[PDB]
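Now for the letters of each chain:
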Amino acid sequence: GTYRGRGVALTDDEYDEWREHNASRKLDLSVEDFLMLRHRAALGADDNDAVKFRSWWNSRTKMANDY
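How each quantity is defined
Numbering of residues starts from 1 on every chain and follows the written order of that chain's sequence, so it may differ from the entry's own numbering; residues lacking coordinates are omitted. The side-chain figures draw on all heavy atoms in the structure; neither hydrogens nor water molecules are used. The definitions used throughout rest on a 1 Å grid laid over the protein atoms alone, on which a cavity is an enclosed set of points accommodating a 1.4 Å probe that cannot get out and a pocket is an open set flanked by protein within 12 Å on both sides along at least five of seven lines; lining residues are those having an atom within 4 Å of a point. Grid points are joined across faces, edges and corners, and a volume is the space filled by probe spheres set on the points. Secondary structure elements follow DSSP: runs of H or I of four or more residues count as helices, runs of E of two or more count as strands, with numbering from the N terminus. Any residue that is not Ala, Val, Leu, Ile, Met, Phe, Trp, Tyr, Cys, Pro, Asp, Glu, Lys or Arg is counted as polar, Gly included; the first ten are nonpolar and the last four charged. For our purposes a nonpolar core is just a set of buried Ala, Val, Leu, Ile, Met, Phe, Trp, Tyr and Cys residues, chained together by side-chain atoms within 4.5 Å. The classification of residues rests on relative accessible area computed with a 1.4 Å probe and restricted to protein chains. Under 20% of the type maximum is buried, over 50% is exposed, and intermediate values are partly exposed. The contact definition used throughout considers only heavy atoms, calling two residues in contact when any of these lie within 4.5 Å.

- For this deposited structure, the header cites solution NMR as the method used.

### Thoughts on the layout of surface pockets
Phase 1: For the largest pocket, the calculated volume is near 200 Å³.
Phase 2: What lines the largest pocket is simply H21, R25, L27, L29, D33, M36, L37, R40, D47, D49, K52 and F53.
Phase 3: Taken together, the elements giving at least two residues each to the lining of the largest pocket come down to α2 (31-43) and α3 (48-60).
Phase 4: Of the residues assigned to the lining of the largest pocket, the class counts are 5 nonpolar, 1 polar and 6 charged.

### Remarks on the nonpolar core
Side chains of nonpolar character tend, in soluble globular proteins, to be buried together.
Phase 1: Judged by nonpolar contacts, the single largest core of 13 residues is most densely connected at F34, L35 and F53.
Phase 2: Put simply, the parts of the chain that give this core at least two residues each are α2 and α3.
Phase 3: Discounting residues that sit within four places of it in the chain, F53 has contacts with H21, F34, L37, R38 and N58.

### Some remarks on the environment of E20
Phase 1: Residue position: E20 is located in helix α1 (residues 12-24).
Phase 2: The class for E20 is partly exposed, based on a relative accessible area of 32%.
Phase 3: With residues near it in sequence (within four places) discarded, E20 still touches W57 and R60.

Next up, the structure:
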């Protein structure tokens, strides 16, 4: 996967789609946080924020797991 904190630009879609994540989940989250949520979901970590991200994002998009 990508990274976090290191000026992460993330894969092309998901970063832009994070701006949508901000909208849809009615939060005001930074990309790093997003990248984590998707990271865990995509890769194989099940931290609840990431799983609730998964649930929401995978009913609609189902991302582009660092593709």
